[PDB]
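Coming up is one lone chain in structure tokens, specifically the form deposited in one PDB entry.
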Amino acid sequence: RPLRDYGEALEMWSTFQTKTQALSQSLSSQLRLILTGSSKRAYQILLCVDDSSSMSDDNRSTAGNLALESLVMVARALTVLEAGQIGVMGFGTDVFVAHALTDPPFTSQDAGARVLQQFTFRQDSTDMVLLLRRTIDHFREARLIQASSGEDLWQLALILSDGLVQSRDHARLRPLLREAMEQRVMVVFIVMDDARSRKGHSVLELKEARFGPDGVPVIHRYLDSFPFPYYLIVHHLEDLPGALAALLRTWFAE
């Protein structure tokens, strides 16, 4: 079925919300200082979740579960922002809008379950270039809509993914990342690297083999060419609030 059973999504939202409640509170208390109090600003946050099958339990990966737990933690932390709109995108071979910036807030468990229903981790490819093109285009039109009646609007994309893309795409992503920075869209990549998955299977130790002109294999660390300027490694959910707050504190604000 293209959707999770709605009942399963409700149970997941409720379980995750309880599991992450203290972590959400810590993140929101830090976000309050970074983003509030102290202009009349507005915030638009797109949570972009990897729906590719590399994420999936059928691939013996825990990345999908950790991403949905992280989604609930972050979405719940963000709902404390008065002037914030939260939207959700799913991506693999194509990109879908799971929750629009204009849609009802995540103060409701039914709204959260409707989002979780759409993530099944079955797509056959991970097209990060298309994800970035769609995200920039989405924010550009939101910026145009903003014109209607005076807004200091700040736009943030948080990508929740195992970070496994074809090495060739690392180069193709760089022009799109420049375009995002030129348009002042901050892009943070949140790498799902669940430490309990298995002994000795972290993305930090993922290597890649290339055959040279002589035919001799040469081996490099996969992450050495990872292009994203702001990224976090999530080994345990407990890692996420402080690291995400630190990056935003420093580089969303600056």
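Just so we're on the same page, rigid core means the largest C-alpha set that superposes within 1.5 Å between forms. Start at 1 with the first residue shown and count on from there.
Enquirer: Check the entry and tell me how many residues of the deposited sequence have no coordinates between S149 and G150: none, 1 to 3, 4 to 9, or 10 or more.
Expert: The entry leaves 1 to 3 residues without coordinates here.
Enquirer: Going by the record, give me the number of deposited-sequence residues missing between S38 and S39 as none, 1 to 3, 4 to 9, or 10 or more.
Expert: 1 to 3 residues lack coordinates between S38 and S39.
Enquirer: Quick one: higher average CA temperature factor, 154 to 162 or 107 to 115?
Expert: Higher mean C-alpha B-factor: 107 to 115.
Enquirer: As stated in the PDB record, which stretch has the larger average Cα B-factor, 76 to 84 or 116 to 124?
Expert: For C-alpha atoms only, the mean B-factor is higher in 76 to 84.
Enquirer: Tell me, lowest, middle or highest third: where does the Cα B factor of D50 rank within its chain?
Expert: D50: CA B-factor falls in the lowest third of its chain.
Enquirer: Among the chain's modelled residues, which third holds the C-alpha B-factor of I145?
Expert: Its C-alpha B-factor belongs to the highest third of this chain's values.
Enquirer: According to the PDB entry, is the CA B factor of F189 in the bottom, middle or top third of its chain, that is, lowest, middle or highest?
Expert: Lowest third.
Enquirer: If you rank every modelled residue in this chain by C-alpha B factor, which third holds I219: lowest, middle or highest?
Expert: Its C-alpha B-factor, which the entry lists for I219, ranks in the middle third among residues of this chain.
Enquirer: Looking at the C-alpha B-factor of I34, is it in the lowest, middle or highest third of its chain?
Expert: Its C-alpha B-factor belongs to the middle third of this chain's values.
If you look for the form deposited in another entry, you will not find it shown, but the lines that follow are about it.
Enquirer: Superpose the two forms on their rigid core, then report whether the C-alpha of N59 is displaced by 2 angstroms or more between this form and the one not shown.
Expert: The answer is yes, as the C-alpha of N59 shifts between this form and the one not shown by 2 Å or more after core alignment.
Enquirer: Where do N59 and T126 end up in the other entry, Cα atoms closer or farther than shown, with a change of 3 Å or more?
Expert: Compared with the shown chain, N59-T126 is farther in the other entry.
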